[PDB]
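Student: Questions regarding the structure given below will be posed in turn.
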Amino acid sequence: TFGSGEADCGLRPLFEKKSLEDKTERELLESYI
Amino acid sequence: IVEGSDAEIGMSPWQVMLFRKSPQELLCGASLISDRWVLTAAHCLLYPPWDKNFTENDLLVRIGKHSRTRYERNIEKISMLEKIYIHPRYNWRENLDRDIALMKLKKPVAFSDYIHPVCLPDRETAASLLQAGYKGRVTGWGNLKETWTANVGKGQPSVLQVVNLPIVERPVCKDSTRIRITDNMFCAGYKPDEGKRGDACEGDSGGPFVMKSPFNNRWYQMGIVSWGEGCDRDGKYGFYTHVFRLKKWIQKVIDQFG
DNA sequence: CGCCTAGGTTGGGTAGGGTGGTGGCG
Ligand SMILES: *[C@@H]1O[C@H](CO)[C@@H](O[C@@H]2O[C@H](CO)[C@@H](O[C@@H]3O[C@H](CO[C@H]4O[C@H](CO)[C@@H](O)[C@H](O)[C@@H]4O[C@@H]4O[C@H](CO)[C@@H](O[C@@H]5O[C@H](CO[C@]6(C(=O)O)C[C@H](O)[C@@H](NC(C)=O)[C@H]([C@H](O)[C@H](O)CO)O6)[C@H](O)[C@H](O)[C@H]5O)[C@H](O)[C@H]4NC(C)=O)[C@@H](O)[C@H](O)[C@@H]3O)[C@H](O)[C@H]2NC(C)=O)[C@H](O)[C@H]1NC(C)=O
Ligand SMILES: *C[C@@](*)(O)[C@H](CCCNC(N)=[NH2+])NC(=O)[C@@H]1CCCN1C(=O)[C@H](N)Cc1ccccc1
Ligand code: NA
Ligand code: NA
């Protein structure tokens, strides 16, 4: 069994949960265009 | 990680350190996909050609870390393994096809600001993000250079390293090496005349190659650091286990029991 | 006091830190 986490997976407590961007994620986003 | 930079705290809370009990040494990277399942590369656990064949007791998992060597008190969680499941068609005799493995923890771990699982990709996310030029992020405590030969600089970082790299066209991957590429792999990295550099290296294996979804702000693991020839060489690209193409196997194992 | 660099399943970044509870000096 998977266990807990799937619902909230991929959401970083110190970033996404706090509407905060790490210093480089923007770079990834920009590459998607 | 070669040509990366120190990771920010809690930047990659799914990062996991595969650690050897005796002697005490860091073996590989890995990623937390739930409270009890960890994903890594098979070759970290089993690679006969090198007399490598660890069983559950030989190892333990360290989650929520940042410093390579220190024991981060009241922060990192150290778990033991109940079972190791290596992809049954993992081809170690040749090109490391299906370089993937799951490890079940003895007891579920509690999440925190530093310990959080990453998402596995679905078909749509895989379809829209696995595109040449699109960048993912690789993290690890591996080497900063080719340590097997005299080279200037430190060998290992004090802290978890990180680097953003672009997925590369499959025909380019294939033409960059004599080793046989399979659909279950993909390469990433900058081209020679493309400005930036970067790559993973020995010790980063099992580490996640993640991408952030613009459609839901969730981080997804698209790959697993698998192999390369040298580190950060011009005309060479790091190879990664294609997690989505092995998603079926992953889900059979994880969902197999209550 | 205000500094200094420190064990531990662990460095020294400072005596808090993304975490306890801790010295010895001039
Ligand atoms: C890396 O290093 C590892 C070691 O770390 C090494 O592994 C060794 O490989 C060698 C050579 O390849 C191998 O040699 C063989 O030994 C065989 C003897 O078998 C047993 O050997 C030792 C002791 O003698 C045991 O400790 C082992 O457990 C082994 O016993 C079986 O192991 C198999 C394989 O994992 C198991 O099969 C799984 O079964 C699962 C479900 O099981 C059940 C079930 O119904 O639920 C489990 C139940 O408990 C059981 N019930 C009862 C009452 O017994 C039943 C029942 O046994 C029958 O199945 C029903 O009638 O089964 C599930 O189905 C899963 O799919 C199966 O894989 C199984 O648990 C064990 N069975 C038993 C009875 O114990 C020789 O016969 C053989 O000829 C060969 O020489 C070593 O055994 C092995 N050593 C170890 C420690 O693993 C790797 O080789 C190396 N890898 C590489 C790539 O280099
Ligand atoms: C186990 C991992 O730490 C490591 C990751 C290397 C990634 N390198 C780059 N540039 N991104 N993997 C390896 O070292 C693997 C395991 C065994 C050999 N190996 C290699 O990468 C060899 N250098 C090349 C290779 C040999 C045999 C089969 C596949 C690849
Ligand atoms: Na390169
Ligand atoms: Na301390």
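Sequence order for the protein chains is A and B.
So the first sequence is numbered by the UniProt record's numbering: it starts at 328 and just counts up by one.
So the second sequence is numbered by the UniProt record's numbering: it starts at 364 and just counts up by one.
C-beta: ideal position from N, C-alpha, C; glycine also.
Can you name the start and end residues of the beta strand (DSSP E) that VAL525 (chain B) belongs to?
Tutor: Position 162 of the second sequence, counted from the start, is the residue given in the question as residue 525 (chain B). Unbroken beta strand (DSSP E) run through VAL525 (chain B): 524-529.
Student: Hey, is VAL606 (chain B)'s beta-carbon within less than 9 Å of any beta-carbon in chain A?
Tutor: The count along the second sequence starts at 1 and reaches residue 606 (chain B) at position 243. Cβ-Cβ to chain A under 9 Å: no for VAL606 (chain B).
Student: Mind checking whether the beta-carbon of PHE602 (chain B) lies closer than 8 Å to any heavy atom of ligand 2?
Tutor: In the second sequence, residue 602 (chain B) corresponds to position 239, counting from 1. Yes, the beta carbon of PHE602 (chain B) sits closer than 8 Å to at least one heavy atom of ligand 2.
Student: Classify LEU356 (chain A) as helix, strand or coil using the three-state DSSP reduction.
Tutor: Position 29 of the first sequence, counted from the start, is the residue given in the question as residue 356 (chain A). Of the three classes helix, strand and coil, the one that applies to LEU356 (chain A) here is helix, per DSSP.
Student: Out of curiosity, what's the CA-to-CA distance linking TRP504 (chain B) and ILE364 (chain B)?
Tutor: Here the question's residue 504 (chain B) lines up with position 141 in the second sequence. Here the question's residue 364 (chain B) lines up with position 1 in the second sequence. Going by the C-alpha atoms only, they are around 7 Å apart.
Student: If we ignore side chains and look at the alpha-carbon of each, how far apart do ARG533 (chain B) and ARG436 (chain B) end up?
Tutor: For the purposes of this step, residue 533 (chain B) is identified with residue 170 of the second sequence, where counting begins at 1. For the purposes of this step, residue 436 (chain B) is identified with residue 73 of the second sequence, where counting begins at 1. For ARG533 (chain B) and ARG436 (chain B), the distance between alpha carbons rounds to 44 Å.
Student: Counting along the chain, where does the alpha helix (DSSP H) carrying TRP612 (chain B) start and finish?
Tutor: Locating residue 612 (chain B) in the second sequence gives position 249, where the first residue counts as 1. 610-617 is the span of the alpha helix (DSSP H), which, as asked, contains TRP612 (chain B).
Student: By a C-beta neighbour count over all protein chains shown, 10 Å radius and 16 as the cutoff for buried, is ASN547 (chain B) buried or exposed?
Tutor: Walking along the second sequence from the start, residue 547 (chain B) turns up at place 184. Per the 10 Å Cβ criterion, buried.
Student: Cβ of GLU565 (chain B) less than 9 Å from any chain A Cβ?
Tutor: The residue labelled residue 565 (chain B) in the question sits at position 202 within the second sequence. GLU565 (chain B) does not count as touching chain A.
Student: Given a cut-off of 9 Å, decide if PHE474 (chain B) and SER331 (chain A) are closer than it, judged by their beta-carbon atoms.
Tutor: As a working mapping, residue 331 (chain A) is identified with position 4 in the first sequence. As a working mapping, residue 474 (chain B) is identified with position 111 in the second sequence. Contact flag set, yes.
Student: Name the chain A residues whose beta carbon is nearer than 8 Å to that of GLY621 (chain B)?
Tutor: The residue given as residue 621 (chain B) occupies position 258 in the second sequence. Simply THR328.
Student: Would you tell me roughly how many angstroms separate the C-alpha atoms of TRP582 (chain B) and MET574 (chain B), rounded to the nearest one?
Tutor: If you number the second sequence from 1, residue 582 (chain B) lands on position 219. If you number the second sequence from 1, residue 574 (chain B) lands on position 211. Approximately 6 Å between the Cα atoms of the pair.
Student: Please list the terminal residues of the continuous alpha helix (DSSP H) segment that includes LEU492 (chain B).
Tutor: Position 129 of the second sequence, counting from 1, holds the residue named residue 492 (chain B). Per DSSP, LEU492 (chain B) belongs to the alpha helix (DSSP H) from 486-492.
Student: Should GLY591 (chain B) be labelled buried (16 or more other beta-carbon atoms within 10 Å of its own) or exposed?
Tutor: The sequence position of residue 591 (chain B) within the second sequence is 228, counting from 1. So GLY591 (chain B) ends up on the buried side.
Student: So if I measure from each beta-carbon to every heavy atom of ligand 6 and keep distances below 7 Å, which residues remain?
Tutor: Summarising the ligand content, the structure contains ligand 1, ligand 2, ligand 3 and ligand 4 and does not contain ligand 6.
Student: Could you tell me the alpha carbon to alpha carbon distance between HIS605 (chain B) and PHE549 (chain B), rounded to whole angstroms?
Tutor: Along the second sequence, one-based indexing puts residue 605 (chain B) at 242. Along the second sequence, one-based indexing puts residue 549 (chain B) at 186. Whole-angstrom Cα-Cα distance: 6 Å.
Student: I want to know whether the region 516-533 of chain B touches the region 456-471 of chain B - three or more CB-CB distances under 8 Å.
Tutor: Counting Cβ pairs under 8 Å, fewer than three are found: no touch.
Student: Any chance the CB of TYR583 (chain B) is under 8 Å from a heavy atom of ligand 3?
Tutor: As a working note, residue 583 (chain B) is residue 220 in the second sequence. Because no heavy atom of ligand 3 lies under 8 Å away, the Cβ of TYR583 (chain B) does not count as near it: no.
Student: At a Cβ cut of 7 Å, what residues of the region 437-469 of chain B count as close to chain A, listed as they run along the chain?
Tutor: Flagged: no residues at all.
Student: For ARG533 (chain B), which three-state DSSP category applies?
Tutor: As a first step, residue 533 (chain B) must be located in the second sequence, where it is residue number 170. Note: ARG533 (chain B) maps to helix in three-state DSSP.
Student: If the cut is a Cβ gap below 7 Å, which residues of chain A does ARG500 (chain B) touch?
Tutor: On the second sequence, residue 500 (chain B) is found 137 positions in, with the first residue counted as 1. Residues of chain A passing the Cβ test: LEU355.
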